[PDB]
There are 2 protein chains.
Amino acid sequence: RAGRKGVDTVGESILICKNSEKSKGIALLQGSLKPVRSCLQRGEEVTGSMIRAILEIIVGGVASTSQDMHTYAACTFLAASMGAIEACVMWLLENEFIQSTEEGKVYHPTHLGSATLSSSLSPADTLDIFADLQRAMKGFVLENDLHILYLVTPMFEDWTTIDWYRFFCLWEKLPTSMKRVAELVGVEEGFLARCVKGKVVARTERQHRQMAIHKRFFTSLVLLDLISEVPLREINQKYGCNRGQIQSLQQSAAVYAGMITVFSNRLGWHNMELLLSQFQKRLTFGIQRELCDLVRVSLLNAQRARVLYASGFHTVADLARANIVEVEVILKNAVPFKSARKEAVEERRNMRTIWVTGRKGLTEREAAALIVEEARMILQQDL
Amino acid sequence: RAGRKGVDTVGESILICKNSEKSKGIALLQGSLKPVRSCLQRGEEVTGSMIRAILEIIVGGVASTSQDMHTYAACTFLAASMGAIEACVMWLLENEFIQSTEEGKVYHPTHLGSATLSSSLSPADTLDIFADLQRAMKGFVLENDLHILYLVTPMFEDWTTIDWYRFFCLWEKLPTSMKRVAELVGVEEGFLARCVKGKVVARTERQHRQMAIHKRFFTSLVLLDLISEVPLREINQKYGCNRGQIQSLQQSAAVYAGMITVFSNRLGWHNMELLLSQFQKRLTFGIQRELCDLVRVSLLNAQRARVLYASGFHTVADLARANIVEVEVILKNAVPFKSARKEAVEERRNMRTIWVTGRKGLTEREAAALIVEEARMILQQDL
Ligand SMILES: [K+]
Ligand SMILES: [K+]
């Protein structure tokens, strides 16, 4: 990124080092990129990338027989550099992903197969997800939205560094209704104590998904406050994570929530599907059910939707009838100031202070007129 | 009902008796109707009819003060024949139905009050229903539709005489998924045994709603098969009840299901409302979710909707494109014969063999043309 084309004569790069790390710095300047691996490499005859690859072609209906499988193996990048394929096919058979009809040896997708493909889910993750859902449908808590959120809470990657001492403090202060959900999932208070007392991550044993469970329940709490319209600064102080890690999490959970919804629909689990089908939109914007209609407008996010709701505008229909200058004023009240704000400067009438995507700078007035204009266009398309 | 006006010269009535019951028969011929009671009569200072009456006028907003209450007491039929009112007002206060603001002594409705009124529910029944729902939301089974049905299964009157021996036979053969729902509700196997072994109805103690629970769970099983499109004859043989008692039950449960849905909506219980809001339509016709669209047509019931679904017509949209004579044929296949049916009689082309409400006799042809005609009119109103 050193050197602007058409602007600079040269691009300069400086790597600051010490005498001790002097040799490692030179290694980088002379270093070159490593050769590209296939990521489908084989004491592991089976592998995730291959299992998914084989599942996609069989369920999709472009690979039926055993001859089609090895023909596919020829097209891979792994074979370009110049058994394992057969192992993945059996794996799909053992775990009810694929069917075999002896037309000798022809493979067809199951309901679980077609569901996994439509859900864009990884076959390795689908097994635990399928069990987790069946476990939840045997005993489910409906008095709050926490248990539902847990099912759509992603835990395939760490989104933040969790302070366990902070976690235990929230555990005790946690209401009884949410402790019931914790117990029902696997959250044991004993494991939480062995985390604060001693910084033993363990996780060496495969059976230590016990760690992931507590990380997942911690995350669901964050997502619970998030769709409860709890301020980002409160969530930051309460949990110990920045706004960057949160936004990356909600956009991840919004997508994941859609996956579990599709997965539940293709298996015929209507009751479970019915509950989940409202959280994709709520996780995206971080809102409650009431603001779901307002946030259809492009410029209206969580903060702008709430202040317009609390001012009499509950729906797009109510927002189309709106007086523009009234919308503008309500927007002006949602701004965050360090001092308890909420002189006359008439030189700020042209200040473009509202950002969009692929944006021209919008004034607070122009944005308001756009919100009312868009609301009317949507109101007509609703008929 | 003896004597047709404009037809008969006299109407004759004969009461057949023996010598032993001779005196009781004469008592009827000379007998006259008893005076009409008020049904709001008072060791019972409080009474159901009064509590409901007082609740309706306060929540509705036509009675606020204490003066309005006794003014209402004057308009009653009980006072027409010429304390207790004050007792009912306190009862509504004790059970969170009504609020009191000391403008000395002014009464307003609570959320629980406004919910009960909108639900058309009796205040006496609302207390147990409110507890039952809160109990269900703490631990709910979603793998089947049984637990949801239990919440909308009415038990304020007996709809049939339950054979307990038959019940215990269905209990053992009952799958594990439905035994979990039974335990979760209150169905104890010990009580079922003390019913078959000994015909002890008990029910003298008020705390013996334990009887109602088992009667309610028995009923939910019937409703489960009913919306699973299990034949009426199978349900008759399996449970021991006639088709008359069943139809009276489903139309009762369809109405009740709507009540619990409204009740849940006014309390803000969205998750619970979401699950219940699909069973009013299914209980009415006795169908599965797939036939919900077809049964919008007036002439299409459960039986006609299924045979049209299994023949390629899944929606009203598919049914508007239908060839009339094809619909007619599919209908002809749904008819029940004692022999394994499903000569050429062309004299039955005018036989009106299909009944409607406020009906002219419809031929199987005319009905088919009406179904396709109605489907098209509905398809246009859907846009
Ligand atoms: K938006
Ligand atoms: K109908």
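Residues numbered from 1 in each chain as written, not as in the entry; some residues may be left out. Chains lettered and ligands numbered in written order. Part of a larger assembly, values for the part shown. Heavy atoms only, no water. Residues with missing side-chain atoms left out of burial classes, pairs and counts.

In its metadata, the entry names X-ray crystallography as the structure determination method and reports 2.900 Å as the resolution.

Trainee: Is there a simple way to think about the overall build of chain A in this case?
Mentor: Of the regular secondary structure elements, chain A holds 19 helices and two strands. Its C-alpha atoms give chain A a radius of gyration of 27 Å, clearly above 21 Å, the size a compact globule of 383 residues would have. Taking the principal axes of its C-alpha atoms as reference, chain A extends roughly 80 × 65 × 55 Å. (Helix = DSSP H or I, 4+ residues; strand = E, 2+ residues; numbered from the N terminus. Rg over C-alpha atoms; globule rule 2.2 N^0.38 Å.)

Trainee: What exactly am I supposed to notice about the interface of chain A and chain B here?
Mentor: How big an interface is tends to be reported as the loss of accessible area on association of its parts. Tallying the contact residues gives 18 residues for chain A and 18 residues for chain B. Regarding the contact of chain A and chain B, the summed buried area is about 1700 Å², with carbon and sulfur atoms giving 56% of it. The largest per-residue losses of area from chain A upon contact with chain B belong to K138(A), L142(A) and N271(A), which jointly make up 37% of the total buried on that side. Put simply, chain A and chain B have two salt bridges between them. A salt bridge links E143(A) to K138(B); the shortest N-O distance between them is 3.7 Å. The interface formed by chain A and chain B includes nine residue pairs in polar contact. (Contact = heavy atoms within 4.5 Å. Buried area = accessible area lost by both parts, 1.4 Å probe. Salt bridge = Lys/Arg side-chain N within 4 Å of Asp/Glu carboxyl O. Polar contact = N/O pair within 3.5 Å; in protein donor to acceptor, adjacent residues only side chain to side chain.)

Trainee: Looking at this structure, I do not really get the coordination of the potassium ion (ligand 1). What am I missing?
Mentor: Tetrahedral coordination by four donors puts the ideal angle at the metal at 109.5 degrees, and octahedral coordination by six puts it at 90 or 180 degrees. Residue and element names in this part refer to chain A. Taken together, the protein ligands of the potassium ion (ligand 1) are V297 (O), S298 (O) and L300 (O), with distances of 2.8 to 2.9 Å. Along the chain, the residues donating to the potassium ion (ligand 1) are arranged with the sequence spacing V-S-x1-L. The pair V297 / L300 is uniform in exposure class, with both members buried. (Donors = N, O, S within 2.8 Å, 3.2 Å for Na, K, Ca; no water. Buried < 20%, exposed > 50% of the residue type's maximum accessible area, 1.4 Å probe, protein only.)

Trainee: What am I meant to see in helix α2 (residues 48–59) of chain A here?
Mentor: Along an α-helix, residues three or four positions apart point the same way, because every turn accommodates 3.6 residues. For α2(A), with 12 residues, the first-to-last C-alpha span of 16 Å sits near the 16 Å given by 1.5 Å per residue. All of the buried residues in α2(A) are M50(A), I51(A), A53(A), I54(A), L55(A), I57(A), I58(A) and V59(A). (Expected span 1.5 Å × (residues − 1).)

Trainee: Looking at this model, I keep getting lost on the nonpolar core. Mind explaining?
Mentor: In summary, soluble globular proteins display a tendency toward joint burial of nonpolar side chains. Counting residues in hydrophobic clusters, the biggest one holds 156 residues, and the most contacted among them are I54(A) and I54(B). Setting aside residues up to four positions removed in sequence, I54(A) forms contacts with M69(A), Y72(A), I85(A), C88(A), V89(A) and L92(A). (Core = buried A, V, L, I, M, F, W, Y, C linked by side-chain atoms within 4.5 Å.)

Trainee: It is not clear to me how the environment of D68(A) should be interpreted in this structure. Could you clarify?
Mentor: Turning to its location among the elements, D68(A) is positioned in helix α3 (residues 66–75). Distance from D68(A) to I58(A), taken between C-alpha atoms, is 9.4 Å for residues 10 residues apart in sequence.

Trainee: Help me understand the relation of the copies chain A and chain B in this model?
Mentor: The operation relating the pair of chain copies consists of a rotation about an axis and a translation along that axis. For the match of chain A to chain B, the screw axis carries a shift of 0.0 Å, the RMSD comes to 0.0 Å, and the turn is 180 degrees. Here the transformation between the copies is reduced to the relation of a two-fold axis. Both copies contact each other with a shared surface, as 100% of the interface residues of chain A are interface residues in chain B too. (Least-squares fit on C-alpha atoms.)

Trainee: What exactly am I supposed to notice about the coordination of the potassium ion (ligand 2) here?
Mentor: All names here are of chain B. Surrounding the potassium ion (ligand 2) are the protein donor atoms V297 (O), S298 (O) and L300 (O), at 2.8 to 2.9 Å. Mapped onto the sequence, the residues coordinating the potassium ion (ligand 2) show the spacing V-S-x1-L. With a relative accessible area of 1%, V297 lands in the buried category.

Trainee: It is not clear to me how helix α6 (residues 123–136) of chain A should be interpreted in this structure. Could you clarify?
Mentor: Between its first and last C-alpha atoms α6(A) spans 20 Å; for 14 residues at 1.5 Å apiece the expected length is 20 Å, and the two agree. Residues of α6(A) that are buried make contact with α2, α4 (84–94), α5 (111–118), α7 (146–151) and α13 (243–266) of chain A.

Trainee: Would you explain the packing of helix α18 (residues 324–332) of chain B against helix α19 (residues 364–381) of chain B in this entry?
Mentor: For any two helices packed against each other, one specifies the inter-axial angle together with the distance between the axes. All names here are of chain B. The interhelical angle for the contact between α18 and α19, taken along N-to-C directions, is 120 degrees, at an axis separation of 8 Å. On the basis of their axis angle, the class for α18 and α19 is oblique. Handedness of the α18/α19 crossing: right-handed. Two secondary-structure elements touch here, α18 through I324, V327, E328, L331 and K332 and α19 through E364, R365, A368, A369, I371 and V372. Class assignment of the residues belonging to the contact of α18 with α19 gives a composition of seven nonpolar, no polar and four charged. (Axes fitted to C-alpha atoms, helices over the stretch in contact; angles between N-to-C directions. Parallel < 35°, antiparallel > 145°, perpendicular 65-115°, else oblique. Left-handed = near helix turned anticlockwise from the far one by under 90°. Nonpolar A, V, L, I, M, F, W, Y, C, P; charged D, E, K, R; others polar.)

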